[PDB]
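This report refers to the structure that appears directly beneath it.
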Amino acid sequence: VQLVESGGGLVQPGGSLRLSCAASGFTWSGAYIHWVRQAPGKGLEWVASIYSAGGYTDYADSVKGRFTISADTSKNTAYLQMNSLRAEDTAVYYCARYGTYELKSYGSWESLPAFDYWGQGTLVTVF
Amino acid sequence: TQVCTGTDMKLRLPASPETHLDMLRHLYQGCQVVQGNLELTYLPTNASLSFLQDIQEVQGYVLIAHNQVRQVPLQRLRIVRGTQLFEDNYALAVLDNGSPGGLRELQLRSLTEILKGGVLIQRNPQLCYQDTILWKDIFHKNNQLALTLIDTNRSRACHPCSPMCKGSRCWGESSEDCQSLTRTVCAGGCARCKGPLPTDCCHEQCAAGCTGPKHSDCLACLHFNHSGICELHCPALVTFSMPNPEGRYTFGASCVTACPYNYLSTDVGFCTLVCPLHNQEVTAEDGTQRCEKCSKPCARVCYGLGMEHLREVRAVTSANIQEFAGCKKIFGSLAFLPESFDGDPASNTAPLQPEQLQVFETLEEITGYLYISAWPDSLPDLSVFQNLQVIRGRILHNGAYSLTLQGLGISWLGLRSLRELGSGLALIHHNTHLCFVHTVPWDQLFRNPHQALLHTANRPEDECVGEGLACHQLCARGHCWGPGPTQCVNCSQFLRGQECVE
Amino acid sequence: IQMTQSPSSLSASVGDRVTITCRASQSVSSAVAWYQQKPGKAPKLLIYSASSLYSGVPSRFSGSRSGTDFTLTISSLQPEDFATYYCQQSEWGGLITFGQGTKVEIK
Ligand SMILES: *[C@@H]1O[C@H](CO)[C@@H](O[C@@H]2O[C@H](CO)[C@@H](O)[C@H](O)[C@H]2NC(C)=O)[C@H](O)[C@H]1NC(C)=O
């Protein structure tokens, strides 16, 4: 049920970087995998989301057109590819699970409309 | 059948004691998987509990409280999943049971797995052998941190465990009551095994033990049961897009070919009672309902008690009555307590008035329950709900009832349009003047054999017939909701307006 | 971009009762959640559906709704309750938005 991040580091402006998040059972839990960033000394900012079922993707306005979020179902891992990074993109990037389904009463499986699990976070610095 | 719902009574006293055992007999007869909490409370000393003998799995918690039955027959019970916990910590709670009455022996012969939660055994004056059980074996490997408060105060002599019990760990005096150890004995790192040897290890997907090494031979399924095979997850409906013919739907702890009658299908493949965020319910010609993503921003829907802002609201009052104006479908429940029509002086909320109940004249569906413990005395019937067609019972009052009417002054039900009670029971008790309960064709409304009507203390049927309050001759088969030709369930001859004619 | 949170900062002693109100876009109650983030650590979920307690979360955390306002209430503050508190909202069209953050500082 854990979330493990990887592939974060020092990137040259206008460059590119690929962030990896490995989740246990992403493609059959029916949940979304989101990337949420926190700039140093600022608050949480949502970046992107990917649906398990159809690979449907969504992005924030700031990252729309530069970041692409994809999933590899076979290895069960979500990837965030970042292109043309700027100073604002320097942040700690968390990968989180949203919308997981939980057994409730009467045998009903209900989606959790929140981020129940978060990754530890990976620092991305653009210099 | 095979699966049944539980109860959410907790420690509360039964609403209708005179029918309490009967709801239990209607809820658990022939049921193997309790998709909820198994609550056995306030049972008289000589209650016949034979209807519980088929239960093998409880998805929520097991609570045995305030009982005088000397034995509770749950020997078949194999696994408690602990999806819901009593007091947020316990999956098994045995409290205040007790010639002398009270539970003498737990006799949980097959209980070998508790996935989440702990054990609370308190204040059972005649219980024996509850401290001898190695509860660490029953608890799952990831549930080791579960608490275990087992009181030991006893008001009777406790006979020694049977000689056949090698480790003196027994559920009862009988030799058949010896505890079976699964976790601890395992050679290697096996979660569960059937025997000491490494070959006797259980498959990874097995829970509670196994008859052999394969995933078919599991005594219970750790995650999901796909037609006798234990699986980590149900087979995917699509395999990234093309349909997967072997794909299944996730319902409870099982994989099913289709979602059940009263449930909603999701695109990802889960069977649910409430659609996810930004999803709408889409019905079909055959009547199956599915949860679909809103193509445009979701249309405003009407929420009742237990849902969204009204989640902690207990009753429909003059504060929230106008939220139901023109509302054809209510997502949630409607409850009418004495506080509704008496008002709350502290909150300064005005008492509900009969005429305001005409916001419910367009209502056709309630996805939750209809609970009425108070009605205006001017109104002789529930005619504000005369257009209500279906109570789905996806949320049940106390976990068991989708339609409850108690303490009312109504002379007849007048629920002309009511045709479906999707889930749960109907309880009609202590309505002194109510005369048309028996004339209603309740079996037509009910969709499951488990579902039944529990009635008591209403107006005697002989009294009602003697007064001449009975079904109209024009009503077909004697089924009506009230006096006159307007209240017939089916017209025998002809229909003009809402009234039967010839 | 960010829904309003008041107060921006809050100071109280252990045992005190503290309220945080988050003015967000009008939506269904199930779309508002409350998260706690200790410094240097990932956030953890407290209130998923604007009133419902997440598993393993102490009962001293409560959620309520008053119109467009969503309120996180701590009945009895504890030494482990000093952290930043965020309100998150999900709108139609897949957008996830966050509050600016409320930091509770010990006295
Ligand atoms: C998995 O589900 C199947 C039902 O699809 C269970 O098989 C039934 O078990 C009951 C009780 O043992 C029998 O009365 C039925 O006749 C069985 N039906 C079939 C078709 O086999 C099976 O026991 C379940 N397995 C587990 C481990 O729970």
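Every residue, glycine as well, gets a Cβ built from its backbone with ideal geometry; the counts of neighbours run over all protein chains shown. A short reminder: the numbers here are calculations on the coordinates, not readings from a lab.
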**Request:** Check every one of the strands (runs of 3 or more DSSP E) wholly within the stretch B:56-163 and list those with 3 or more residues that are among the aliphatic types (A, V, I, L, M).
**Result:** B:62-65, B:90-95, B:118-122
**Fill in**
Checking C:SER25, C:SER51, C:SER30 in turn, the sole residue that is of a type outside the set (A, V, I, L, M, F, W, C), under 27 Å from A:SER49 (Cβ atoms) and within 11 Å of chain A (Cβ to nearest Cβ) turns out to be C:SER30
**Request:** Test A:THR77 against the criterion of being more than 30 Å from B:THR7 (Cα to Cα), in contact with a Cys (Cβ under 7 Å, 6 or more places away or on another chain) and more than 9 Å from every other protein chain (Cβ to nearest Cβ), and give yes or no.
**Result:** yes
**Message:** Let me confirm something: among B:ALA346, B:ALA335, which residue is hydrophobic (A, V, I, L, M, F, W, C), surrounded by fewer than 20 Cβ atoms within 10 Å (Cβ to Cβ) and either under 21 Å from the mean Cα position of the chain (by Cα) or over 18 Å from C:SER66 (Cα atoms) (or both)?
**Reply:** B:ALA346
**Message:** Can you go through B:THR182, B:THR239, B:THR211 and tell me which one is surrounded by fewer than 14 Cβ atoms within 10 Å (Cβ to Cβ) and more than 26 Å from A:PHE26 (Cα to Cα)?
**Reply:** B:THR211
**Asked** Filter the stretch B:242-257 for residues that are within 8 Å of chain A (Cβ to nearest Cβ) and not polar (S, T, N, Q); which is surrounded by the most Cβ atoms within 10 Å (Cβ to Cβ)?
**Response** B:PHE251
**Prompt:** So, of the residues in the stretch B:1-37 that are assigned to a helix (DSSP H, G or I) and charged (D, E, K, R), which turns out to be nearest to B:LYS116 (Cα to Cα)?
**Reply:** B:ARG25
**Message:** Take the conditions within 30 Å of B:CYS271 (Cβ to Cβ) and of a type outside the set (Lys, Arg) and apply them to B:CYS230. Does it pass?
**Reply:** yes
**Fill in**
Turns out the strands (runs of 3 or more DSSP E) fully within the stretch C:62-107 with at least 2 residues that are within 11 Å of the chain's Cα centre (by Cα) and within 14 Å of chain A (Cβ to nearest Cβ) are C:69-74, C:84-90, C:102-106
**Message:** Being more than 12 Å from the ligand (Cβ to nearest atom), hydrophobic (A, V, I, L, M, F, W, C) and either within 9 Å of another protein chain (Cβ to nearest Cβ) or over 27 Å from the mean Cα position of the chain (by Cα) (or both) is the requirement here; does B:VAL282 meet it?
**Reply:** no
**Request:** Within the stretch B:191-207, identify whether any single residue is within 27 Å of the chain's Cα centre (by Cα) and under 30 Å from B:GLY393 (Cα atoms), and answer yes or no.
**Result:** no
**Prompt:** Looking only at residues in the stretch B:218-232 that are over 25 Å from the mean Cα position of the chain (by Cα) and within 13 Å of another protein chain (Cβ to nearest Cβ), which one is farthest from the ligand (Cβ to nearest atom)?
**Reply:** B:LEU232
**Message:** If I filter the stretch B:191-203 for residues that are within 14 Å of chain A (Cβ to nearest Cβ) and either within 16 Å of the ligand (Cβ to nearest atom) or within 25 Å of B:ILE138 (Cβ to Cβ) (or both), do I get at least one hit?
**Reply:** no
**Asked** Being among the hydrophobic types (A, V, I, L, M, F, W, C) and either buried (at least 19 other Cβ atoms within 10 Å of the Cβ) or in contact with a helix residue (DSSP H, G or I) (Cβ under 8 Å, 6 or more places away or on another chain) (or both), is that true of even one residue in the stretch C:63-72?
**Response** yes
**Request:** Kindly list the number of the only condition in (1) away from the ligand (no atom under 16 Å from the Cβ); (2) under 18 Å from B:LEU219 (Cα atoms) that fails for B:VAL80.
**Result:** (1)
**Message:** Pull out all pairs, ordered by first then second residue, where Cβ-Cβ is under 6 Å, the residues are six or more apart or on different chains, the first lies in the stretch B:83-106 and is within 14 Å of another protein chain (Cβ to nearest Cβ), and the second is part of a strand (DSSP E or B).
**Reply:** B:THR83/A:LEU103; B:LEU85/B:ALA91; B:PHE86/B:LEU63; B:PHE86/B:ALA93; B:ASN89/B:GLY118; B:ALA91/B:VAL80; B:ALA91/B:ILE114
**Prompt:** Among (1) within 14 Å of chain A (Cβ to nearest Cβ); (2) of a type outside the set (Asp, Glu); (3) within 16 Å of the ligand (Cβ to nearest atom), which single condition is B:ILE55 missing?
**Reply:** (1)
**Request:** Tell me which of these B:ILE133 doesn't satisfy, since it passes every other one: (1) away from the ligand (no atom under 16 Å from the Cβ); (2) buried (at least 21 other Cβ atoms within 10 Å of the Cβ); (3) β-branched (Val, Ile, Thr).
**Result:** (2)
**Prompt:** Does B:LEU21 satisfy the criteria of being within 14 Å of chain A (Cβ to nearest Cβ), more than 16 Å from the ligand (Cβ to nearest atom) and closer than 16 Å to B:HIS450 by Cα?
**Reply:** no
**Asked** Within the stretch B:258-268, can one find any residue that is within 16 Å of the ligand (Cβ to nearest atom), out of contact with any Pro (no Cβ under 9 Å at 6 or more places or on another chain), more than 10 Å from chain A (Cβ to nearest Cβ) and more than 30 Å from C:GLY93 (Cα to Cα)?
**Response** no
